[PDB]
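Comments concern the structure below.
Note that each Cβ is placed from the backbone with ideal geometry, even for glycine, and that neighbours are counted across all protein chains shown. Numbers and lists here come from the model and the stated rules, or from a named source; none is laboratory data.
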Amino acid sequence: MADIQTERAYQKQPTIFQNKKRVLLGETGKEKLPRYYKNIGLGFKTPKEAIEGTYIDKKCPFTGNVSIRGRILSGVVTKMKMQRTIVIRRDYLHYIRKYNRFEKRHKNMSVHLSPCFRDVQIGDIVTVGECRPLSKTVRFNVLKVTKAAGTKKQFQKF
Amino acid sequence: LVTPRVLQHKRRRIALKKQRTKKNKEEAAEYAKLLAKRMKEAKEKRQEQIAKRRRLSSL
Amino acid sequence: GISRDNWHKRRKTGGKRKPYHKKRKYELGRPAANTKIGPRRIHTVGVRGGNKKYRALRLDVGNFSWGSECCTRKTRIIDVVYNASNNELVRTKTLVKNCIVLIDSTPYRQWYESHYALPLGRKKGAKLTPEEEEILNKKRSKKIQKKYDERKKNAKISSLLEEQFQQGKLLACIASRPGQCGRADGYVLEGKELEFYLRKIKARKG
Amino acid sequence: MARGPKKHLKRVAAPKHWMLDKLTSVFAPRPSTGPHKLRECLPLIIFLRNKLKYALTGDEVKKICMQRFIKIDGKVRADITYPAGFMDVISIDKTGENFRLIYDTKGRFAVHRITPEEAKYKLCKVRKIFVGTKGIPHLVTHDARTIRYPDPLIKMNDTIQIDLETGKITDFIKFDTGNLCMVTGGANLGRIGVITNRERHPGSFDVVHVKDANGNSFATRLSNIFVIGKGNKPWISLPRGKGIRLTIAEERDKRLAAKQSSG
RNA sequence: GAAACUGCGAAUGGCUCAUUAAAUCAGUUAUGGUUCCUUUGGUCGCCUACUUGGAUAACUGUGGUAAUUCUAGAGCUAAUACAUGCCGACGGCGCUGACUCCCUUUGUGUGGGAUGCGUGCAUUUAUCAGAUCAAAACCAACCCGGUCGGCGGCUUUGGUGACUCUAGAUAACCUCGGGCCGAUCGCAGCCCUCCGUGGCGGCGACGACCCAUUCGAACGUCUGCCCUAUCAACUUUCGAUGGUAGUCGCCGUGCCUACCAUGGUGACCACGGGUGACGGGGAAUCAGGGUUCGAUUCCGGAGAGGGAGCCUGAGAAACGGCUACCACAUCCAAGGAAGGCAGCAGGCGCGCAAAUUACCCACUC
RNA sequence: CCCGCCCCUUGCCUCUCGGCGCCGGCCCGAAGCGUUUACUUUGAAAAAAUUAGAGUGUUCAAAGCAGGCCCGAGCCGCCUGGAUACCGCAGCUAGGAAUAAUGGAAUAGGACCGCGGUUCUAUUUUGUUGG
């Protein structure tokens with residue numbers, strides 16, 4: 001937060017300016033930064049954690065430029081071992097009409113994950129949404145994380 | 001070589017320009033009347049709403 | 001020729017795809033501008049759908065701004081100091097978006113002196129007294145004080161700013177693509193950026 | 001083939017609501033660009049020799065249109081093809097005839113003759129509202145007219161009456177439940193009935209239920225609905241058929257009842 | 001009215017199936033990531049203007065080369081080609097305030113004010129606004145209902161599910177030879193404190209800037225594939241996967257470059273190899289379930305001897321355009337020059353195997 | 001086998017803004033949804049030709065999309081068709097709750113304006129503007 005730079009360049013949000021008006025705070029006060037966020041719409045809600053916290057990322061939709069428009073999908077976490085993204089999976093069933101049986105098939109996809117969510121673990125349900133391309137194999141972003149399935153992450157007393 | 005025919009095309013050229021300016025006048029006139037009309041209905045509605053609120057407060 | 005295709009390059013699995021359609025005009029490169037600082041040379045490039053695109057080579061003026069008190073004046077672009085994409089570009093004095101460059105700093109003082117009625121950092125007051133005091137002192141009756149009173153205590157001007165006027169240079173940030181626009185433009189550094197890039201400059205060189 | 005735009009459309013590629021044959025040659029007319037879309041057009045020449053049968057060859061239409069007996073939307077047109085579509089008025093003043101292009105319950109452009117008094121205006125849907133320069137508004141319609149300074153309560157999916165003579169709409173209808181609507185595309189076509197209900201989905205492809213005066217309920221997409229007038233009271237003239245959408249059994253019964261194929 | 005300059009088309013069609021196994025293609029979706037000739041509808045006033053500047057063709061005349069839709073020299077003359085640039089009606093706006101007037105010296109409360117600069121849209125940058133929620137108690141500056149220290153009563157664009165949207169304000173940027181704002185053409189009428197001028201009216205034609213529309217174009221989403229393991233591990237600084245910044249491009253994007261991280265994929269068959277594999281709409285057989293075929297009239301795609309590069313244009317990496325290499329083949333006075341039938345006919349060759357060097361724009365476009 | 005009743009009945013509230021009521025006061029539709037899916041049922045959206053198939057006497061048929069009527073011409077005309085079905089998937093919509101997966105408080109938190117302790121923040125009102 002007090003360090004968010006490690007680059008060879010300065011990191012900041014667009015649509016923010018630093019005024020040089022008035023002078024009198026005493027000790028400390030306004031961190032000289034109002035926060036930027038926006039609504040996503042479609043019944044999805046911005047996290048409190050985004051508005052509270054400090055990160056500079058342009059590829060998350062709660063802060064940076066990128067819309068969610070078109071499709072909405074789900075998935076599940078399978079792996080995370082990359083920075084500001086994850087890998088996910090989609091289990092589904094393919095039918096054959098000669099037989100009357102189904103069979104299992106899965107694909108894997110990457111998708112970008114905001115620094116807002118940091119409570120992710122491998123095995124959580126995840127929700128995603130169609131976006132403009134961000135990268136070669138990223139076309140999506142997260143909208144929501146949830147856990148509501150068998151063998152939960154922490155003991156029942158919630 | 002200038003002839004009378006030449007000058008007509010230049011006179012009609014400017015007649016259209018003036019006609020155009022007169023038309024953008026009259027449109028904005030009518031729209032202002034219409035716009036200013038609504039500033040009335042809206043006000044009335046607001047007043048009604050206020051009255052309703054007062055009534056509700058009553059009890 | 002030099003192209004910006006996408007039907008080359010491996011897929012995720014390390015697979016290759018065999019040659020498909022021949023190169024086309026809407027997937028196309030055209031070599032880099034590589035614009036410097038010098039006397040203005042501009043080339044007009046025909047581009048797709050019409051709507052000509054200006055490529056600027058060797059600019060020497062850009063329209064920077066001081067949005068703290070909202071004045072923007074045309075000023076000369078002296079030299080490059082920091083280029084946050086590469087180290088080599090600074091050495092050959094290449095000018096691209098988000099560089100850090102130097103300016104003359106002249107009209108910003110003229111604007112300040114006339115509007116806030118105070119000079120910046122100065123070598124001596126001896127220079128001022130015969131001429132450049134003629135503007136600063138004023139003969140108004142009535143609006144010697146009446147205008148200027150409202151300008152007072154809105155001109156604290158910060159420490160890192162004031163010291164730079166004395167050198168005659170200021171650090172501003174290119175916020176344009178000169179190779180696409182045909183113009184250099186930008187904003188001048190303030191606040192925490194201006195603290196940051198100083199430290200990078202002193203770190204890297206010297 | 002393609003490297004740029006195409007300029008041919010064949011017979012069998014062409015839509016089926018122009019009712020083309022298959023024993024005249026490979027090409028079909030193809031409407032040239034204009035305000036209407038080619039899966040919603042009736043090209044001009046198809047009105048003149050595949051409906052009304054004044055002309056017999058395409059060369060005849062070229063000799064007719066040049067004489068300037070033809071109008072479309074109160075202005076004069078003079079080409080073989082023009083893309084007139086739903087809710088436009090053709091006007092031949094020599095014969096003293098006026099047509100209207102509207103849908104049968106079959107879903108094809110019929111002959112709906114009308115008084116010349118009716119043919120002085122048409123009904124136009126609003127599709128987009130766009131603020132122009134210096135605080136001036138605009139309308140956008142399906143017949144691609146941009147009418148400036150509309151009344152400030154008219155919004156999209158409403159319909160507006162336009163005077164062909166002077167533009168500058170005189171009156172309008174507001175989109176509301178229980179108003180009378182016509183369908184302009186989709187599987188249901190040409191049906192007339194009141195709105196009854198609406199349904200909204202955040203996202204796209206909202207639908208709009210409909211009910212008629214024959215006691216049938218059906219639904220269609222939002223963007224295929226067009227308003228014609230207030231509840232059970234069109235502000236236009238209606239053709240025969242009137243959106244009933246009879247089954248095939250009942251249509252058989254009518255024909256053998258009147259015994260009608262001779263006069 | 002031949003010829004010639006100018007505008008427009010020649011990127012449509014026609015033909016072939018060689019390439020091509022998540023590619024092509026089909027259904028479904030997305031431009032809030034973009035471009036768009038044309039049509040249709042809007043957009044159309046901050047010693048020259050009674051009309052500006054100077055050359056080219058056809059044409060006239062003289063030539064060269066074995067030869068080409070080759071080409072030189074001389075003498076003319078045009079524009080909606082080419083290059084220039086007024087006027088009208090600016091009585092436009094904000095901030096400076098020479099000054100001047102009244103009451104509180106000033107400050108501050110006032111009313112007018114000469115004199116300056118910028119003040120259409122488009123272009124690039126910075127900054128500001130983009131309003132209303134739920135109540136009271138005193139003090140400081142204050143309107144009205146009204147009075148010579150105090151009570152009650154107000155508050156201001158459009159749109160989407162959602163944008164750093166639309167429109168607005170402020171400070172600037174300006175492309176010239178390289179934004180716009182008509183020096184163009186044809187039909188038929190008028191009016192003059194009045195006698196051919198000063199004025200103006202109708203009907204067209206063409207051109208141009210921007211917005212919308214139409215025809216699309218281009219990328220992107222989800223799902224769907226024949227044979228093979230005597231193909232089981234594959235991919236990476238010769239970018240493989242991701243992060244950060246930049247260049248480029250119509251735009252989104254490792255597309256490309258710098259710096260940094262070490263990922264990505266696979267027994268749910270990757271990777272590799274094969275295909276007498278263009279894909280689909282479909283076709284043959286068939287009780288039910290299937291099997292086999294799809295070069296081929298509609299739609300999509302790819303290619304014009306093999307490769308690569310490029311000009312023009314809104315649109316082409318074009319072959320009835322061009323340049324080069326490679327494989328062919330033609331003419332020649334040996335100096336040079338010219339070519340690409342998987343267009344319709346036709347010939348040779350190949351094979352078990354396949355038509356007229358016909359007639360015609362009347363139909364359909 | 002559509003309303004309700006035993007405890008439940010399309011589970012709830014909370015309400016507030018824009019209609020319906022009845023005599024200020026009161027009642028009930030629309031707004032969040034019932035832990036999640038498969039399955040099944042209804043809608044939407046699906047190029048033509050082909051195919052199935054309705055109509056029509058091609059001399060019958062393969063086809064085709066036409067055609068049929070009364071008047072000497074003296075009507076200057078009349079009438080009518082160019083249906084309907086189908087379209088693996090996957091995606092979109094609404095109803096059902098059996099069947100097959102998945103779900104909860106056992107190191108407790110579910111219910112009620114139950115209170116305390118602690119912290120942050122919202123900008124409305126005392127006419128307006130500031131402390």
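Tell me, please, whether a residue that is of a type in the set (S, T, Y) and within 23 Å of the chain's Cα centre (by Cα) can be found in segment C:14-30. No. Looking at segment D:210-232, which of its residues are of a type outside the set (A, V, I, L, M, F, W, C), surrounded by 15 or more Cβ atoms within 10 Å (Cβ to Cβ) and outside any loop (DSSP other than H, G, I, E, B)? Within segment D:210-232, D:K211, D:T220, D:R221, D:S223, D:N224, D:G229 meet the criteria. A count restricted to segment A:88-135 and to residues that are of a type in the set (S, T, Y), farther than 17 Å from A:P47 by Cβ and either within 16 Å of RNA strand F (Cβ to nearest atom) or in a loop (DSSP other than H, G, I, E, B) (or both) stands at 4. Has segment A:3-20 got at least one residue that is surrounded by 14 or more Cβ atoms within 10 Å (Cβ to Cβ) and more than 12 Å from every other protein chain (Cβ to nearest Cβ)? Yes; the residues of segment A:3-20 include at least one that is surrounded by 14 or more Cβ atoms within 10 Å (Cβ to Cβ) and more than 12 Å from every other protein chain (Cβ to nearest Cβ). Number of residues in segment A:63-93 that are closer than 25 Å to A:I51 by Cβ, in contact (Cβ under 8 Å) with a residue 60 or more places away in the chain and not charged (D, E, K, R) equals 4. Only strands (runs of 3 or more DSSP E) whose full extent lies in segment D:47-121 are considered here, and the ones with at least 3 residues that are touching a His at 6+ places or on another chain (Cβ under 9 Å) and assigned by CATH to the domain that holds D:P29 are D:83-85.
Rundown of residues vs (1) more than 9 Å from RNA strand F (Cβ to nearest atom); (2) within 14 Å of chain B (Cβ to nearest Cβ); (3) loosely packed, with under 14 Cβ neighbours inside 10 Å, yes/no style:
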{"site": "D:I173", "(1), (2), (3)": "yes, no, no"}
{"site": "D:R191", "(1), (2), (3)": "yes, no, no"}
{"site": "D:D206", "(1), (2), (3)": "yes, no, yes"}
{"site": "D:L238", "(1), (2), (3)": "yes, no, no"}
{"site": "D:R255", "(1), (2), (3)": "no, no, yes"}
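Does segment B:41-57 include one or more residues that are within 30 Å of D:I147 (Cβ to Cβ) and either within 11 Å of chain D (Cβ to nearest Cβ) or within 17 Å of the chain's Cα centre (by Cα) (or both)? Scanning segment B:41-57 turns up at least one residue that is within 30 Å of D:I147 (Cβ to Cβ) and either within 11 Å of chain D (Cβ to nearest Cβ) or within 17 Å of the chain's Cα centre (by Cα) (or both). In the set (1) more than 10 Å from RNA strand E (Cβ to nearest atom); (2) surrounded by 15 or more Cβ atoms within 10 Å (Cβ to Cβ); (3) of a type outside the set (G, A, S), the condition left unmet by D:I45 is number (1). The set of residues in segment A:50-77 that are more than 14 Å from chain C (Cβ to nearest Cβ), within 24 Å of A:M1 (Cα to Cα), of a type outside the set (S, T, N, Q) and more than 12 Å from the chain's Cα centre (by Cα) comprises A:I51, A:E52, A:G53, A:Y55. The sole residue among C:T106, C:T92, C:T72 that is closer than 18 Å to C:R183 by Cβ and of a type in the set (S, T, N, Q) is C:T72. For D:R127, state whether it is over 30 Å from D:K155 (Cβ atoms) and away from RNA strand F (no atom under 16 Å from the Cβ). Considered against the rule, which asks whether it is over 30 Å from D:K155 (Cβ atoms) and away from RNA strand F (no atom under 16 Å from the Cβ), D:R127 comes out as no. The residue that is nearest to the other protein chains (Cβ to nearest Cβ), among those in segment C:23-37 that are more than 6 Å from RNA strand E (Cβ to nearest atom), surrounded by 10 or more Cβ atoms within 10 Å (Cβ to Cβ) and in a loop (DSSP other than H, G, I, E, B), is C:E27.
Yes/no per residue for (1) surrounded by fewer than 13 Cβ atoms within 10 Å (Cβ to Cβ); (2) within 14 Å of chain A (Cβ to nearest Cβ); (3) over 12 Å from the mean Cα position of the chain (by Cα):
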| site | (1), (2), (3) |
| --- | --- |
| C:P39 | yes, no, yes |
| C:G50 | yes, no, yes |
| C:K53 | no, no, yes |
| C:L57 | no, no, yes |
| C:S68 | no, yes, yes |
| C:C71 | no, yes, yes |
| C:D79 | yes, no, no |
| C:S85 | no, yes, yes |
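Applying the selection to segment C:87-108, what residues are hydroxyl-bearing (S, T, Y), buried (at least 16 other Cβ atoms within 10 Å of the Cβ) and in a loop (DSSP other than H, G, I, E, B)? Residues satisfying the conditions are C:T94, C:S105.
Just one of (1) assigned to a helix (DSSP H, G or I); (2) over 15 Å from C:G186 (Cβ atoms); (3) among the hydroxyl-bearing types (S, T, Y) fails for C:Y54. It is (1). Answer with yes or no whether D:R255 is basic (K, R) and more than 20 Å from D:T159 (Cβ to Cβ). It is true that D:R255 is basic (K, R) and more than 20 Å from D:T159 (Cβ to Cβ). Close contacts from segment C:188-206, counting a first residue that is more than 10 Å from chain A (Cβ to nearest Cβ) and a second that is not small (G, A, S), with Cβ to Cβ under 7 Å and a gap of 6+ residues or different chains, come to C:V188/C:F64; C:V188/C:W66; C:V188/C:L170; C:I201/C:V81; C:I201/C:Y82. Apart from one condition, C:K153 fits all of (1) within 11 Å of chain A (Cβ to nearest Cβ); (2) without any contact (Cβ under 8 Å) to a residue 40 or more places away in the chain; (3) surrounded by 15 or more Cβ atoms within 10 Å (Cβ to Cβ); the exception is (3).
Does D:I136 count as touching a residue at least 12 places away in the same chain (Cβ under 8 Å), more than 14 Å from chain B (Cβ to nearest Cβ) and aliphatic (A, V, I, L, M)? In short, no.
Only a single criterion out of (1) more than 14 Å from chain B (Cβ to nearest Cβ); (2) in contact (Cβ under 8 Å) with a residue 12 or more places away in the chain; (3) on the phi < 0 side of the Ramachandran plot is not satisfied by D:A144, namely (3).
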